[PDB]
Amino acid sequence: XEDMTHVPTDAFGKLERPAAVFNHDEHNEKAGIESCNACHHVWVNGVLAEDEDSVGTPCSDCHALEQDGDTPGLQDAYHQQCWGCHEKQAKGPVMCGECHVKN
Ligand code: HEM
Ligand code: HEM
Ligand code: HEM
Ligand code: HEM
Ligand SMILES: [As]
Ligand SMILES: [As]
Ligand SMILES: [As]
Ligand SMILES: [Zn+2]
Ligand SMILES: [Zn+2]
Ligand SMILES: [Zn+2]
Ligand SMILES: [Zn+2]
């Protein structure tokens, strides 16, 4: 993911909003995220694996557009992960057009 500059959007089909800005490797460095499974997590039978990750598997392989039980749909998964951390840490973009940048 060194060439990533926005979050993948093909799984959404027609977009409402601009692709979310996300230079993956520069973001993770600036945010000080060392564990890949901060995002690329492995949930099995309601248990979060502490020492595994799902690097290489798209979020959309496990997160349909619609919610399934307590597995969030794909929009909700991104918002909870991305906007959820920014709100928890009080750092990074928490307004809609600061992620979904019109440029
Ligand atoms: C989820 C894929 C996700 C997105 C999208 C996202 C975007 C984002 C931007 C565009 C910035 C500003 C520029 C930059 O890349 O530094 C930013 C900044 C921070 N983020 Fe973020 N972010 C996503 C996810 C996450 C997650 C899961 C965390 C916390 C675990 C996280 C944290 C942060 C932090 C901290 C910052 C500030 C960086 C700095 O300038 O200090 N983000 N994010
Ligand atoms: C930990 C250092 C880490 C690794 C390693 C890593 C790898 C990685 C790859 C190989 C991909 C796919 C790139 C491609 O398609 O060419 C990828 C994609 C995404 N990642 Fe990642 N990633 C690591 C860490 C993190 C962290 C900490 C976050 C959350 C802030 C994160 C996020 C994402 C997202 C979003 C994508 C796109 C997923 C998709 O659906 O294709 N990664 N990562
Ligand atoms: C891709 C980086 C990706 C994102 C974004 C994402 C988000 C996400 C959230 C925010 C939740 C809610 C719980 C939590 O905060 O962790 C969640 C829940 C589930 N996930 Fe996920 N997820 C991403 C990637 C993946 C991948 C690649 C898998 C499949 C291997 C996956 C699976 C799941 C499952 C299952 C859940 C539900 C957990 C539970 O409550 O039982 N995620 N995801
Ligand atoms: C502010 C409340 C806000 C809105 C509105 C919004 C909308 C939105 C939609 C409708 C989607 C689905 C795809 C589409 O464009 O149709 C979506 C997807 C993602 N979002 Fe978002 N979003 C708002 C807020 C935020 C913030 C503050 C962030 C960044 C932390 C963010 C990120 C993302 C990501 C990642 C996705 C999936 C990939 C993409 O579509 O770019 N959103 N959002
Ligand atoms: As670097
Ligand atoms: As929120
Ligand atoms: As809250
Ligand atoms: Zn390189
Ligand atoms: Zn851009
Ligand atoms: Zn750098
Ligand atoms: Zn790993």
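Going from the start of the chain as shown, residues are counted 1 onward.
When the header is checked for method, it gives X-ray crystallography, 1.6 Å.
The backbone N, Cα and C atoms fix where each Cβ goes, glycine too.
The heme 1 binding site annotation in Swiss-Prot covers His24, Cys36, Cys39, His40. The heme 3 binding site annotation in Swiss-Prot covers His27, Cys82, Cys85, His86. Taken from Swiss-Prot, the feature heme 2 binding site applies to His41, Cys59, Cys62, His63. Under the heading heme 4 binding site, Swiss-Prot lists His79, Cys96, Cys99, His100.
This view paints the features noted in Swiss-Prot onto the structure.
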residue : record              : Cβ contacts under 8 Å, 6 or more apart
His24   : heme 1 binding site : Unk1, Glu2, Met4
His27   : heme 3 binding site : none
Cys36   : heme 1 binding site : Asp53, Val55
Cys39   : heme 1 binding site : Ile33, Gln81
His41   : heme 2 binding site : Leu48, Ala49, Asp53, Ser54
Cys59   : heme 2 binding site : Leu74, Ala77, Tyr78
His79   : heme 4 binding site : none
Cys82   : heme 3 binding site : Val7, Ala20, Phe22, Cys99
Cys96   : heme 4 binding site : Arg17
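Local packing around the Cβ, expressed as the count of other Cβ atoms within 10 angstroms, is greatest for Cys99 among the binding-site residues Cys62, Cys85, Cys99. Its Cβ taken as reference, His86 (heme 3 binding site) is surrounded by 17 other Cβ atoms within 10 Å in the chains shown.
For the heme 1 site, the Cβ centre of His24, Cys36, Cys39, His40 serves as reference, and the other residues of the chain with Cβ at most 8 Å from it are Unk1, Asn28, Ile33, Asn37, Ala38, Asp53, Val55. Counting in whole angstrom, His86 (heme 3 binding site) lies 21 from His63 (heme 2 binding site) by their C-alpha atoms. Under 6 Å, Cβ to nearest atom of ligand 1: this is the test, and of the binding-site residues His24, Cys59, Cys62, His79, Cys85 it is passed by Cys85.
Following the DSSP three-state reduction, the secondary structure of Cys82 (heme 3 binding site) is helix.
Taking the centroid of the Cβ atoms of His27, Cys82, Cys85, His86 as the heme 3 site, the other same-chain residues with Cβ within 8 Å of it are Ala31, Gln81, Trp83, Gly84, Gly92, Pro93. Around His63 (heme 2 binding site), the same-chain residues six or more apart in sequence whose CB sits under 8 Å from its CB are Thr71, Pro72, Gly73, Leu74, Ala77, listed in sequence order. Geometry remark: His100 (heme 4 binding site) versus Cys85 (heme 3 binding site), CA distance 16 Å. A C-beta separation below 8 Å, combined with a sequence spacing of at least six in one chain, links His40 (heme 1 binding site) to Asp53, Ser54, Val55, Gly56, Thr57. There are 16 other CB atoms within 10 A of the CB of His100 (heme 4 binding site), with all protein chains counted. Taking CA atoms as the reference points, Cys85 (heme 3 binding site) and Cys62 (heme 2 binding site) are 20 Å apart.
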